[PDB]
Structure formats: C-alpha cells, structure tokens
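To keep things clear, I will list the structure first and then write my remarks on it.
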Amino acid sequence: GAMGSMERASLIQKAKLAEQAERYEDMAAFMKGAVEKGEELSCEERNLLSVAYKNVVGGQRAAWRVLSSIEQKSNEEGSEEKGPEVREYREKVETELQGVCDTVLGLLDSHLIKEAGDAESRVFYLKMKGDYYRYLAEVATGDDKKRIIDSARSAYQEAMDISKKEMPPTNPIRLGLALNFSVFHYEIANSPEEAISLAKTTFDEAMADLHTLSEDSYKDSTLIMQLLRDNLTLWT
Amino acid sequence: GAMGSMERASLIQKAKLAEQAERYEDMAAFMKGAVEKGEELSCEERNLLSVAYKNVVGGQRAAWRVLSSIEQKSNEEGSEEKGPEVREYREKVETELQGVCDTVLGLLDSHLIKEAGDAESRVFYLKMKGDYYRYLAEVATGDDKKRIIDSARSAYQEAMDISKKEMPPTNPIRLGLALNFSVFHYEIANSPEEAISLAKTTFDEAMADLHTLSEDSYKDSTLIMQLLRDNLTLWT
Amino acid sequence: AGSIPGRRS
Amino acid sequence: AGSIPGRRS
C-alpha cells in the first residue's frame with residue numbers, strides 16, 4: 001500500500017492535519033495506512049478512522065441521492081428520453097460508494113474486529129460494520145439485497161448484545177449504536193415500530209442513568225439522547 | 001485520456017449532473033474531456049469548465065492555507081519540534097494544487113486561447129490564465145516566483161486591453177476580470193493603491209452605464225459591482 | 001431521520 | 001478581499 005513506508009505515528013499525525021484541512025479522502029487514506037500497520041487502535045484512533053470514512057461516504061451518499069432522484073424523474077410518464085448518461089453516472093458514483101464500503105468492511109474483517117476484546121472497541125467496530133452494510137443496503141436492488149440487510153442486522157445485533165451486557169445505558173457508544181440501529185429498522189428493514197420502540201427504550205433508560213454522570217459525561221450522553229428524541233419526533 | 005471514448009455531449013451532460021451532485025472533481029474531469037475533443041466551447045460550456053476547476057482548486061487553496069498556518073506556527077519561538085510531517089503534508093497539498101493549475105493552464109494553451117477570437121471567449125480565457133497563475137503565485141517561494149507573478153500580470157493585462165476596447169463597462173466578464181486583477185494587485189503584487197484605483201474606476205464606469213441595461217442585465221452587473229465595493233470597503 | 005453525524009473528531 | 005466566487009453555474 002502507498003502508506004506502507006510511512007510511520008504509524010506520522011500517519012496518525014497527518015490524519016489529524018487532514019481533518020483540520022477538510023481533506024477527508026486524505027484522512028481516510030492515512031487512517032487506512034495506520035490500520036494496516038497491524039496494531040490495535042486506541043479510542044482516539046478509532047474515532048479518527050470513523051470520522052474520515054464517514055465524511056468520504058457521506059459525500060458519495062449525498063451525490064448518489066441527487067443522481068438517483070434525477071434518474072427516477074427521468075423514468076416518469078412524459079419525461080423526454082435523455083439517453084444512458086444519468087444511469088451511467090449514478091452507477092459510477094454507486095460503484096465508488098460500494099468500493100469505499102468494501103474497503104471499510106475489509107479493514108474491520110482484516111483484522112480489527114477479531115483483535116477487539118474490550119467492549120468499547122468491539123462494540124465500536126461492530127456498529128461500524130452495521131453502518132457500512134447499511135450504506136450498501138441503501139443502494140442495493142439485486143439478488144443480494146436481503147443478504148446485505150441481514151449482514152447489517154447481524155452486526156448491529158451482536159454490538160447491541162455486548163453493549164447491553166457491558167456498558168451503562170448512558171455510554172455514548174451504546175447510545176449511538178442504538179440510534180443507528182433504530183435508523184436501520186426505520187429506513188432499511190421496513191420496521192418503523194421496532195425503530196420507535198428501540199429509540200424510546202434507549203432514551204428512557206439513559207435518562208434514568210444520567211444522575212450517575214459528571215457534568216462532562218452528562219453533556220456527551222444528552223447530546224445523543226436529543227438525536228433519539230429528534231428521530232422520535234419525526235417518526236411519531 | 002480516460003474521457004476519450006465518451007461523446008462530447010455526454011461529457012457536458014455529466015458535468016451538469018456532477019455540479020448538481022457537488023462532485024466537482026468529476027465535473028472537472030468531464031469538462032477536461034470535453035475540451036480535449038478539440039472544438040471551441042460555447043459560453044455555457046466555458047462557464048462549466050470554470051466552475052468545475054474553481055471548486056477543485058478552491059478546496060486545495062483552503063487546505064493549503066490551513067496547513068501553511070500550522071507550519072508557520074510550528075516555526076515560532078517556543079514551539080515544540082514535531083518532525084517533518086506538517087511540511088510534508090503541506091507540500092503534498094501544494095503539489096496537487098500546482099498540478100491542477102498546470103492542467104488548467106495546459107488546456108488554455110492547447111488550444112483554447114489560440115482559437116478564441118470573440119472578445120467574450122478570449123477575455124474569459126485570458127482572465128482564467130491570470131487567475132491560475134495567481135493561484136500558483138499564492139504558493140510560490142522560489143526562483144520562479146517573479147516570473148509566475150509576471151505571467152499572471154501579463155494575462156490579466158491582455159484581457160484588460162481587449163475588454164476595454166470591445167466590451168461595455170457593465171459587461172460581467174469585464175467586471176469580474178477587473179475585480180480579480182484588482183485582487184492580484186492587492187494580494188500578489190504588493191500594489192494596494194493600484195488595486196484601489198482599479199476597483200474604484202471600474203465601479204464608477206459601470207455605474208454610469210447601468211442606465212443602458214435591461215432589468216436582468218442590471219442585476220448581473222450590480223452583483224459584481226457590489227463585490228468591487230466590498231473590497232474597497234475592506235481596503236480603505 | 002438521522003444517524004450519528006460522526007463527521008467531526 | 002474577494003475575487004469572483006465562481007463556484008456555481
């Protein structure tokens with residue numbers, strides 16, 4: 001890999017610079033290089049990996065949705081035939097998005113998850129696995145769509161099981177996992193009632209645990225609780 | 001080139017889709033492919049070329065300024081030595097930015113400018129030449145900095161001479177050229193008085209010509225006049 | 001609905 | 001100071 005000659009610490013340092021410069025493709029490449037050094041990632045390093053790829057795939061997802069909308073309009077009654085270009089370009093962006101998801105999933109499988117023993121690392125990576133299968137499910141339309149959805153579900157479920165056994169209900173990783181799994185249920189799995197129930201129960205169990213927290217931990221947890229509430233307001 | 005197999009019209013169509021999707025690197029690649037078909041560009045196509053590369057180089061310039069600022073702080077009295085990484089990464093972004101500028105300048109030289117006979121196309125391309133030499137001057141520090149600055153100046157001056165002879169003082173191309181050449185004087189050439197005088201005279205000569213314009217042309221011209229005024233307010 | 005934004009460290 | 005923004009067609 002092109003980062004094979006760069007020191008691990010230099011890759012980390014440059015990932016932080018790339019974030020400051022809003023160079024998220026660079027940030028992701030630096031973090032991929034750091035993962036490929038083979039050592040486990042610290043909490044901060046896991047977060048840099050996630051931020052980098054979240055920004056990259058976020059731009060691709062936004063572009064894909066714009067193009068998909070144009071493509072759908074072109075296939076409406078009365079719409080002038082414009083040739084293959086919209087489909088081709090949507091397919092181009094889709095393939096690139098799938099490539100990024102495959103890259104992230106590949107890092108998780110080789111070998112971040114299998115070396116992650118602590119709940120905070122293991123839940124974090126399993127949540128990420130669910131998230132990137134979810135992004136693949138957003139664009140899937142073929143014979144593997146059901147399997148992609150099931151892969152997302154399975155990763156989220158394993159993360160949930162660990163999080164409930166090993167983390168307090170206010171833990172921000174646990175909360176963000178629940179939030180994202182609820183979005184999976186609503187947007188991917190056609191299960192809005194499961195989505196609502198999960199968000200509700202998560203919010204309520206966190207509320208009851210806030211009294212145990214410092215001021216700074218309280219801020220961290222309540223921020224994510226508000227996202228759960230925002231979704232519940234949209235969905236109900 | 002990778003766009004050599006795609007129809008000119010399909011490249012244009014996809015450049016417009018890429019803009020909608022905020023995929024400016026794609027947009028630039030599509031427009032480069034269109035230029036390389038060898039035909040002259042229409043007014044709309046010239047604007048797509050410019051928007052695409054302006055967005056690409058804009059991201060690079062913003063990143064370069066962030067990194068350069070960090071690098072300058074690291075070289076202050078009392079700053080902990082952190083190794084070569086900041087310089088290396090600033091250099092990486094700088095080299096990429098220079099590559100984009102060289103690509104644009106190469107399209108202008110082979111062969112957009114030499115085929116551009118009408119004032120609207122020729123001034124547009126010569127302004128672009130000045131702009132991309134200006135972006136090269138922003139990062140230049142070596143023995144060619146003076147020549148880069150002079151190349152920007154010369155392109156802007158040829159554009160100015162044509163614009164004054166062939167376009168009314170409210171023409172938006174003429175106005176944007178004057179605006180950018182004034183920025184060149186202020187930011188690159190260490191000539192704030194020339195910058196102020198040019199912006200003033202441009203604004204005043206445009207104001208006196210507004211009475212000739214339709215409502216829509218008036219909106220176009222006054223928008224750029226306001227940019228001239230904004231700079232004058234900052235500079236005086 | 002929104003997932004975790006997750007775009008800033 | 002600002003040059004022409006130029007980032008939207």
Side-chain angles (χ1 to χ4, degrees), chain A residues 15-16 18-22 24 27-28 31 41-59 61-62 104 116 118-132 134-135 138 152 155-164 166-188 192 194-218 220-236, chain C residues 1-7 9:
Chain A
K16 293 173 186 172
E19 186 180 13
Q20 291 176 267
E22 297 178 45
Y24 296 104
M27 193 188 179
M31 291 309 302
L41 305 189
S42 70
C43 183
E44 179 176 8
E45 294 161 357
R46 293 190 297 271
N47 285 95
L48 291 167
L49 175 69
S50 180
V51 164
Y53 280 106
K54 189 71 163 61
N55 276 275
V56 172
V57 81
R61 291 166 73 205
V104 171
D118 293 355
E120 296 62 39
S121 60
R122 192 166 185 84
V123 173
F124 185 96
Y125 293 135
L126 289 166
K127 173 188 164 297
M128 196 174 200
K129 184 175 180 171
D131 289 337
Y132 286 80
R134 171 163 59 86
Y135 307 148
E138 288 179 344
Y156 284 136
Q157 189 59 242
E158 186 182 344
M160 288 291 292
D161 293 345
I162 297 163
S163 77
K164 288 205 258 204
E166 302 297 344
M167 293 168 158
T170 48
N171 176 282
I173 304 165
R174 178 168 168 180
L175 290 175
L177 165 63
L179 179 72
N180 286 13
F181 194 23
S182 77
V183 170
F184 168 84
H185 288 306
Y186 194 94
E187 295 188 354
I188 308 298
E194 188 68 18
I196 292 162
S197 186
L198 177 56
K200 282 181 170 180
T201 289
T202 301
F203 182 98
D204 291 346
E205 292 174 17
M207 177 72 78
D209 190 51
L210 290 172
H211 70 95
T212 68
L213 301 183
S214 67
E215 179 182 20
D216 290 347
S217 293
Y218 179 90
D220 293 335
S221 297
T222 57
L223 184 152
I224 304 169
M225 290 170 67
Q226 181 64 53
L227 302 175
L228 288 162
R229 176 59 54 197
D230 291 342
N231 286 349
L232 286 164
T233 296
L234 182 71
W235 293 340
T236 63
Chain C
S3 62
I4 287 292
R7 288 173 93 159
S9 71

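Below, chains carry the letters A, B, ... as their sequence lines are ordered, and counting in each starts from 1.
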Search all heavy atoms of [X] against all heavy atoms of [Y] and return the closest pair with its distance.
X: A:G176; Y: A:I224; result: N-CG2, 4.0 Å
X: A:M31; Y: A:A15; result: SD-CB, 3.5 Å
X: A:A159; Y: A:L126; result: CB-CB, 3.7 Å
X: A:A28; Y: A:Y53; result: O-OH, 3.6 Å
X: A:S221; Y: A:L210; result: CB-CD2, 4.1 Å
X: A:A206; Y: A:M225; result: CB-SD, 3.8 Å

In chain order, what residues pass the ring pair (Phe, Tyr, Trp, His ring centres under 6.0 Å) check against A:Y135, with sequence neighbours excluded?
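In terms of ring pair (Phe, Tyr, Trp, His ring centres under 6.0 Å), with neighbours along the sequence ignored, A:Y135 is linked to A:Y132.
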Taking ring pair (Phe, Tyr, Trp, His ring centres under 6.0 Å) as the test, write out the residues that go with A:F203, two or more places apart.
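Ring pair (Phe, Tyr, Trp, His ring centres under 6.0 Å) list for A:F203, sorted by chain: empty.
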Could you pull out all residues at least two apart from [X] that satisfy salt bridge (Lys or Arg N to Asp or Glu O under 4.0 Å)?
X: A:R122; value: A:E158
X: A:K127; value: A:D131
X: A:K16; value: A:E44

Gap between atom [atom2] of [Y] and atom [atom1] of [X] - 0.5 Å precision:
X: A:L175; Y: C:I4; atom1: CG; atom2: CD1; answer: 8.0 Å
X: A:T202; Y: A:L177; atom1: OG1; atom2: CG; answer: 8.5 Å
X: A:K54; Y: A:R61; atom1: NZ; atom2: CZ; answer: 5.5 Å
X: A:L223; Y: A:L228; atom1: CG; atom2: CG; answer: 10.5 Å
X: A:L41; Y: A:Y125; atom1: CG; atom2: OH; answer: 3.5 Å
X: A:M160; Y: A:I162; atom1: CE; atom2: CD1; answer: 11.5 Å

Taking C-beta and beyond as the side chain, do [X] and [Y] meet within less than 4.5 Å on heavy atoms?
X: A:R134; Y: A:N180; result: yes
X: A:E120; Y: A:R46; result: yes
X: A:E205; Y: A:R174; result: yes
X: A:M27; Y: A:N55; result: no
X: A:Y156; Y: A:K129; result: no
X: A:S163; Y: A:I173; result: no

Donor-acceptor pair, distance only, cut-off 3.5 Å: does the side chain of [X] make one with the backbone of [Y]?
X: A:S121; Y: A:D118; answer: yes
X: A:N47; Y: C:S9; answer: no
X: A:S182; Y: A:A199; answer: no

Would you list the atom pairs, donor with acceptor, under 3.5 Å between side chains in residues 229-236 of chain A and any protein atom, with sequence neighbours excluded?
from   : atom 1 : to     : atom 2 : distance (Å)
A:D230 : OD1    : A:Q226 : NE2    : 2.9
A:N231 : OD1    : C:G2   : N      : 2.9
A:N231 : ND2    : C:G2   : O      : 2.9
A:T233 : OG1    : A:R229 : O      : 3.1
A:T236 : OG1    : A:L232 : O      : 2.6

